[PDB]
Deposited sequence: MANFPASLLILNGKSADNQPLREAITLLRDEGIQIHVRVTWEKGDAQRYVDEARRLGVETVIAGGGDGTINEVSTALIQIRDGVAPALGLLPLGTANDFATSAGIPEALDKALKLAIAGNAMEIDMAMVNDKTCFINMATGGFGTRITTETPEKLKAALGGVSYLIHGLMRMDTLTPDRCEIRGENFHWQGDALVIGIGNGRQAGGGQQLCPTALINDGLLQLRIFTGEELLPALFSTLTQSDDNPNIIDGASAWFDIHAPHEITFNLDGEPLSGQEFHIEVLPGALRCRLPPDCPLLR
């Protein structure tokens, strides 16, 4: 049990009846291991249980669910408070598991629980948008069958390039953009690689601008072709300022955000997270 600090588990209602997990937890609770369990029903709950988690003094808050749940927990975990925030643990259960997957967290439910409770925690970055919202994995923006891939990666339907200005460290670009990709992580919308170089502990944010009228084929392209594609502009910076005369809307790991101005900054080592010793996203 010394190898298993206490832990509160925030579980998405969509898995509230997942028996195999119930059994795994029951076993662990048998060795004197403390594992609290809470289940969310809507947005806002995660925050509530992370707060109880702090009060309970647990060392780990495990997010059980998809990227949306990881984001809500992580967000609540970086909230400026009194005392040392618990570390973040990952238990992939949602349909959308991009971050968890990209980070290399075990498929085996029981094997992921061990990592989330016993694993060592590495400090990692986080992106903040307009000082109000956050995201740990990916932000994608655009203006306005294979449609499922377009709507699966974003709340968009039929994209159209519109004008927007973008600034960052040693970076200034302007023109018509179809899709703006800013990642802390590397993939989104179910396996689609967008910022293949991203590292979650470098203090940077990978930017990827897709120009032109087409997009899907670029997506199915190799890393060699995408590099020769004049309609793909890569960038990297701790921050980015986006200005779009016509309202652009981003998708922050599931949560929509619209507007004409976006300030995006990395919050270096904002939270600890139990990742495998050889995580692909780690410097």
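According to the record, the deposited residues with no C-alpha atom in the structure span just 145 to 160.
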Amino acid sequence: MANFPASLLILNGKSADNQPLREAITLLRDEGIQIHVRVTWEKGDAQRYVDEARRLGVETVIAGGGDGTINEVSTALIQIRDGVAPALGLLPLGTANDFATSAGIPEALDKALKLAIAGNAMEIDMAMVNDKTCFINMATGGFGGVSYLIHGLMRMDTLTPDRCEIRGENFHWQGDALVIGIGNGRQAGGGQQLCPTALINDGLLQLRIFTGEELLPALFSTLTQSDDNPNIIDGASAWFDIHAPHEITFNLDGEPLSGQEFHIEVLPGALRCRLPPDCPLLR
From here on, numbers count along this sequence of modelled residues.
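Higher mean CA temperature factor between 29 to 37 and 57 to 65: 29 to 37, per the PDB entry. Mean CA temperature factor is higher for 216 to 224 when stretches 238 to 246 and 216 to 224 are set side by side in the entry. Between the residues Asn184, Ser147, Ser74, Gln187, it is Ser147 that shows the highest Cα B-factor in the PDB record. Each of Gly89, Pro92, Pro161, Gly141 has a CA temperature factor in the record; the biggest one is found at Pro161.
Looking at the C-alpha B-factors along this chain, the one for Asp202 belongs to the middle third. For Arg22, the recorded CA temperature factor ranks within the middle third of the chain's modelled residues. For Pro106, the recorded CA B-factor ranks within the highest third of the chain. Only modelled residues enter the ranking. When the CA B factors of the chain's modelled residues are split into thirds, the value for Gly168 lands in the lowest one. In this PDB entry, the Cα temperature factor of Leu275 sits in the middle third of its chain's modelled residues.
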